[PDB]
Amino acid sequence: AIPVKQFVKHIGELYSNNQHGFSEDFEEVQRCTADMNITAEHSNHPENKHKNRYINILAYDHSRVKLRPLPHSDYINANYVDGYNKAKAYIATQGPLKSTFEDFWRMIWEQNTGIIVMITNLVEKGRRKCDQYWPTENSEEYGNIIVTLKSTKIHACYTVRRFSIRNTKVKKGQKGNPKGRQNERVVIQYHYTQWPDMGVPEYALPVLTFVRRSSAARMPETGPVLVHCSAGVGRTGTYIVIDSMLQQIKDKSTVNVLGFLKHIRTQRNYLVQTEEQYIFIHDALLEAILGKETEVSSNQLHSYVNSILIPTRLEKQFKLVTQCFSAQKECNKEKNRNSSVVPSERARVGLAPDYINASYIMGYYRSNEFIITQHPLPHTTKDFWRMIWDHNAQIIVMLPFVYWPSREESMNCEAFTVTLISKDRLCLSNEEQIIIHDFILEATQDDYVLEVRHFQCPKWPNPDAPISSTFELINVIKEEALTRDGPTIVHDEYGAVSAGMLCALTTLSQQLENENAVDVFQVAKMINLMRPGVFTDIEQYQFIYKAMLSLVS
């Protein structure tokens, strides 16, 4: 209904006049089925009461997925929901209950479903949101369906779990069969793990990446993709609309959020659930239209790098990377070395009892894998060690004033003490050294001890070793991180380019290693979104490309 060129302009008009357009629109979505008198009598039947997570969240009779009768057994709180150019593309359903685990897996068998999108954690902020309907390891039995965990792939924002499910009351087929045994199928669960328990995601990028990967995983001649959260309406509907519109844009170069959303609200109630979720659909789709696509396979990286350097797509990416903080901003400016490099509000590292100049930064495997901070000032050394302590951080990378204790005198922080236990050194290629100091932080009013290793690195990157030697130091930190818990603290002077570059290059090399793909823009954009002024010159950004290129061999 809206050509994709009109969208920058379209969202501007929805945002304008105190966002009156968004408000009107979402109110229209809220009232657009009232007059249709859509019934949900099976949902409301007393016998199905225990099979509903919430009393208010129902499955409309006309679009509800029905289970085959067994000798009210037909009922599940799930509805078919259209996609783009496809009827019944999704089953949208609640987070299953222990009492409905069987029904859930039975419905996945009966509908020929191969993909589950789970957009919730099990427990969020002390509240049970979803029961665990899959085996932690090995196998578990849900009536006639045996569900086996085959593999788990963990990323920062989502986890992929490959399952084989076996229906014991279904025939095995012919032995020669290339498709395998016909009473077994693969189900892949794409589980988003970083959705806030309050409101909508701060960053559309990792959500867009999740939507795109989970969606492209739909195989032909397959049943509906199952999408659930807790209620199976808000995050679920959000997903379905960004997915469907992602596919509409690709095909027609139009976008139709309101009309499509009003349609699917005939299919399940309280799709999508909040005005803030409505706005996030728009934000994220706009972000999709404008950010192009930047993930590039290993065997395309050389050619891609070539064409982004010719007038330039590198320059246009970097303006988006450098587009990028209230507390910093502050009665805290004498805690900052340079207040052009400070944390955002969302990524700010809080001290338990407020401010330290430090930012959470994402890694490949975990959000909050790193903390990028500044070299501690003498009046910021107690705060620095309080951060280590509060976050149970066991690794400090210093990239060049001693803020650490000597053997003679321990450091007293009220809650704990810092004590050196040994000093040492690792060697590198050009006779370069990393100085190591090992500290223990012992609680003063408890018995906990935290082992913290400190790396003083040479000048890095070394401009007169091959660019591929940049990863030697990265690989040393990776290998230490394997044996330790908590975040990795990385600081240079301000928490700027050298700190960011260790984080970016670590992330991107874990990506190339694990996916044979690299997304330099996303990694660089997220670092700058979480801490403004890490990457400021285009040559630093180009060096991320050049460096990653040297590993493609």
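One-based numbering along the sequence shown.
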Which fits the stretch between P353 and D354: none, 1 to 3, 4 to 9, or 10 or more deposited residues lacking coordinates? 4 to 9
For the stretch from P400 to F401, please bin the deposited residues that the model skips: none, 1 to 3, 4 to 9, or 10 or more. 4 to 9
Quick one: higher average CA temperature factor, 22-30 or 483-491? 22-30
Higher mean Cα B-factor in the deposited model: 404-412 or 266-274? 404-412
Among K423, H282, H191, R235, highest Cα B-factor in the entry goes to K423
If I read the C-alpha B-factors straight from the PDB entry, which of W105, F325, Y360, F163 is highest? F325
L551 - which third its CA temperature factor falls in, relative to the rest of the chain: middle
Using only modelled residues of the chain, where does the Cα B factor of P466 rank: lowest third, middle third or highest third? lowest
According to the PDB entry, is the CA B factor of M36 in the bottom, middle or top third of its chain, that is, lowest, middle or highest? lowest
Relative to the other modelled residues of the same chain, rank the CA B-factor of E293 and answer lowest, middle or highest third. highest
Could you place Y304 in the lowest, middle or highest third of its chain by Cα temperature factor, using the values in the record? highest
